[PDB]
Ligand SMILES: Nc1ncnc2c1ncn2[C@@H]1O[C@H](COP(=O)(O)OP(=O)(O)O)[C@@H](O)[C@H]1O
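Quick heads-up: it's one chain on its own, the form deposited without the named molecule, in structure tokens.
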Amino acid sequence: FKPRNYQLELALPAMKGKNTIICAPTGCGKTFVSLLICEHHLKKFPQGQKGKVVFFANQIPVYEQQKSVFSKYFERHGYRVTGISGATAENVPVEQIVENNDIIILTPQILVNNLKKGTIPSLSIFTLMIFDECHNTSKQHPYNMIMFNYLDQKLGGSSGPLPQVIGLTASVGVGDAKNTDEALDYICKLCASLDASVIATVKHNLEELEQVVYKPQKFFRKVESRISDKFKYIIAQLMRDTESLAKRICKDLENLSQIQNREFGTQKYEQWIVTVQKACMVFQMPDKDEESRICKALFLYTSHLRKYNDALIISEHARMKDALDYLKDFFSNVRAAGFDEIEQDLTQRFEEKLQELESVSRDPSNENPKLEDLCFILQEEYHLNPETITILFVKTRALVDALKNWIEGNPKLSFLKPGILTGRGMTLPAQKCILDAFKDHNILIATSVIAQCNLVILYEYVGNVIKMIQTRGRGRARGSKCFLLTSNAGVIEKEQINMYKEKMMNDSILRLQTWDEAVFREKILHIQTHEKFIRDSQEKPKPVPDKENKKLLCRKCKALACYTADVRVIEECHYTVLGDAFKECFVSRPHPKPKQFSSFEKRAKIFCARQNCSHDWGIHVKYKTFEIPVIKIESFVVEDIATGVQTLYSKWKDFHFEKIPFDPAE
């Protein structure tokens, strides 16, 4: 209530009737600005004619919040305020929704699918297209697809009333720009992709913005890595033994990847072992009986090496016992879903050194200095103020549980309560109830950002130009810190240049707000034009579909799974097997997180039906009334019967063959 001067002036160009890229770093400010803009838009229409606005919410929580906010704001107006989503798109057709409501709030993908298949022949039905967080307008984004559908009708000479763009954001972003020239080029490209002429930033009332902006102070706490790593040495010896054992089956193991000398525990060995896996998945022998065992042994060795590398990576950022508990949980999970002579030997090799690793993990002298520095900087702040509701940001999801267990099992800090929050990638109610009780948790160990904190700790975290600003984080301003822990000087340089890029944009927008909107347009129109030109020139024609009958086999077992002639495409994205010989080739299991996506309902998970393979094949759903399995070519190999050469595809779009549509008749 009582719109302040800063948020009244920030919405002036949008109310004047211009497409704006309003940039407000507040949470409530953007919401109130959007509400005032929708009010001034739906109130400036004459008698008879009625307006129609759409608020493009990107996330389900943001959509559910904005729908309730709009419903509570426009209650004494007679304005229909509804909303579409992934669960409501089934019934209540979107055409009748838009033709009977004045304020629609839908996650874009719905409008993209509508504009694509059958619905919304043109966006001229809308009169306002408020894009929440327009900075996400990038390559192949749903916002970008909506803007492409808009720019096609705009530049194609189609006479029609085009809707306005009121794109709200908190940071226009810089991307990979090096200088102010490249920053201005990127900002102009974003303006052309959004078809706007004003970038509204608060200039007159700076004190009202600085009162609540949530601008904390940075504090770099770079620490050196561990010197005496006995756990790392033992795991490296185990990895060397595993590689020496795997070399006995595949002679040219070093000649399968073009990667140079690599070190254990780095991100390079992971790519090297993944390349070795993808080069061993095409191993073919004329016996076709020994290959099914050779490829299986190689897959098991590669999986063990990948788990060892993941344990070595977790050990560098967490306790020495957490990386061992990870391997113990992995071995416990794998010791039930099949046990052959190779997996038993690997388990025995691991158990021969588990006893030795337990002593080194329990030894408190081998504690990494990074967690010591973290506890040291946490205690000095919680002693100064025993009310700091801090938030911790890490990179890996497996490190969230590690930091939670570290906070739990530490006698130095007792006043801390774990606030583990990873994301679905968990569920929506689990994500909502954990953020609700945040006024009795003390620390929130999250991995990716209504969170008004006063202390942030980026424990080995790096990202875009800014990974700290919270769009929906208005709250209040009373002094906060942005502590950054790291061990790789590279990251420290990244964070040193990001704060520069910030000022870069601060000068770029200031240089762009001086140009008279005329020339601005005279440029951005040419830019978007060129863009459409590239969209028309760059178009790979559909290659001749290979009309043979090849056989899709297992990924790790090389068993005859199914035939390509039995593959049916449901909706150009899902592929099922319409056969009777394939139903006995897989086993079903209950799904951990069942859900539905606009056409199906995830019921079960289908795995390989072999003796000790148990490879993840795909899901099993019910299309409309009948239940079919949806497989993923990613977990499949493609062997031809004519030539015999095998191929590995990651996505279905890369697979060029006779895509027979799914006929419900058979």
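What we label the rigid core is the largest C-alpha set whose atoms superpose within 1.5 Å from one form to the other. Heads up: residue numbers just count along the shown sequence, starting at 1. Residues that one form lacks are left out of the comparison.
Colleague: Looking at the other compared entries that model residues on both sides of it, is residue 599 unmodelled in at least a third of them?
Modeller: Across the other compared entries, residue 599 is absent from at least a third.
Colleague: Would you class the number of unmodelled deposited residues between residue 449 and residue 450 as none, 1 to 3, 4 to 9, or 10 or more?
Modeller: In the deposited sequence, 4 to 9 residues between these two have no coordinates.
Colleague: Between residue 118 and residue 119, how many residues of the deposited sequence have no coordinates in this entry: none, 1 to 3, 4 to 9, or 10 or more?
Modeller: The entry has no gap there; residue 118 and residue 119 are joined directly.
Below, we refer to the form solved in complex with the named molecule, which is not included among the displayed structures.
Colleague: Please overlay the site onto where the named molecule binds in the deposited bound form and tell me whether the pocket on the shown chain stays open or is blocked (3 or more ligand atoms within 2.4 angstroms of backbone or C-beta atoms).
Modeller: After the site C-alphas are aligned, the pocket of the shown chain is blocked to the transferred ligand.
Colleague: With the partner left out of view, is residue 4 within 4.5 angstroms of the named molecule in the deposited bound form by any non-hydrogen atom?
Modeller: Judged by the heavy-atom cut-off of 4.5 Å, residue 4 is in contact with the named molecule in the deposited bound form.
Colleague: Check whether residue 32 has any heavy atom within 4.5 Å of a heavy atom of the named molecule in the deposited bound form, and answer yes or no.
Modeller: Answer yes; at least one heavy atom of residue 32 falls within 4.5 Å of the named molecule in the deposited bound form.
Colleague: Is residue 13 near the named molecule? Define near as a heavy atom within 4.5 Å, in the deposited bound form.
Modeller: Output for residue 13 is no: heavy atoms all beyond 4.5 Å of the named molecule.
Colleague: Closest heavy atom of residue 629 to the named molecule in the deposited bound form, within 4.5 Å or not?
Modeller: It does not: once the named molecule is placed as it appears in the deposited bound form, residue 629 has no heavy atom within 4.5 Å of it.
Colleague: What residues of 15-31, in sequence order, lie within 4.5 Å of the named molecule in the deposited bound form by heavy atom?
Modeller: The stretch touches the partner through 25, 26, 27, 28, 29, 30, 31.
Colleague: With the two forms fitted on the rigid core, I'd like to know which residue in 377, 469, 512, 413 is displaced by 2 angstroms or more at its CA between the shown form and the other one.
Modeller: The one that shifts is 469.
Colleague: Quick one: once the rigid core is lined up, does residue 60 have its C-alpha move by 2 Å or more between the shown form and the other one?
Modeller: It does not, since the residue 60 C-alpha is displaced less than 2 Å between the shown form and the other one after the core fit.
Colleague: Residue 26: after superposing the rigid core, is there a C-alpha shift of 2 Å or more between the shown form and the other one?
Modeller: It does, since the residue 26 C-alpha is displaced 2 Å or more between the shown form and the other one after the core fit.
Colleague: Can you tell whether residue 70 sits closer to or farther from residue 472 in the deposited bound form than it does here, judged by CA atoms, where the change is 3 Å or more?
Modeller: Farther apart, which means the C-alphas of residue 70 and residue 472 are at least 3 Å more distant in the deposited bound form.
Colleague: Hey, the CA atoms of residue 27 and residue 52 end up closer or farther in the deposited bound form than in the shown form, with the change being 3 Å or more?
Modeller: Compared with the form shown here, the C-alpha atoms of residue 27 and residue 52 sit farther apart in the deposited bound form, by 3 Å or more.
Colleague: Considering only residues modelled in both forms, extract each run of at least three consecutive residues whose CA displacement is 2 Å or more throughout between the shown form and the other one after core superposition, in sequence order.
Modeller: In sequence order, the runs that relocate between the shown form and the other one are 26-28, 466-477.
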